[PDB]
């Protein structure tokens, strides 16, 4: 299956796989089924699919998840599944725990079975807010061990505290210990880069900290247009991800409450925002740099 070796994400056949894709808000948009096909048509090789474990939003049951996985495969996309309900724990009142998310993943094991070539399990989205981010490490390690003890073989993906941006550096500091908690070694870290990452050196230094330590890292979400906290330097994110050959997944296909981060307007793939054009068609973008996973074979 998908696995980690020498700090790289590899397919079962040993070929290096570098994610070039986007996030799609499946759990809030069950009617936008065409999104995956559209995302593939624009060149993506991976989609990160927003699920809910039912803690905060409406649980995506096993049949629905099986269908999402099948749809990813039908569109020759690698599938990163993630539980969104953990977002901002300790600061967002409605947030769920990583243990709750873990019980959800365990409940999905029957539909995840046999899909290790295609599906990566991102335990919980941004699973800690800005309050006491050092508290993130213990439950993260516990969730990893719990899923492995349950028999889950899929490559795991781990999000950071401080709402995924890790600005207190807790994930960066504690990564080795988190990595070692997975007996299989098949674990990826994921940084979300928004307005914290507003200078080239912030981005380069963060990514390089993981690369130089031999730990695998992807940019599981990133933004581009400015917000009230600053202006993410997406140009450097894309260039650095290409230089270091690290995966990236843009946020997001469509349907944000604030549409500034919609890559496509109204789920229409022909109508990309400035942001969508940058990500899909710009330098170091998806059209330029995305290679299909080799597990799918050569098309036609």
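Positions refer to the first chain, counted from 1.
- Set 142 to 150 against 211 to 219 and average the Cα temperature factors; 142 to 150 ends up higher.
- 89 to 97 and 121 to 129 differ in mean CA B-factor, and the higher of the two is recorded for 89 to 97.
- In the deposited coordinates, the residue among 198, 180, 82, 204 with the greatest CA B-factor is 180.
- Highest CA B-factor among 243, 34, 40, 26, as stated in the entry: 34.
- When the modelled residues of the chain are ordered by C-alpha B-factor, residue 53 sits in the middle third.
- In this PDB entry, the Cα temperature factor of residue 229 sits in the top third of its chain's modelled residues, the highest group.
- Remark: residue 162 belongs to the middle third of its chain, ranked by C-alpha B-factor as recorded.
- When the modelled residues of the chain are ordered by C-alpha B-factor, residue 136 sits in the highest third.
- Residue 45: CA B factor in the lowest third of modelled residues in this chain (values from the PDB entry).
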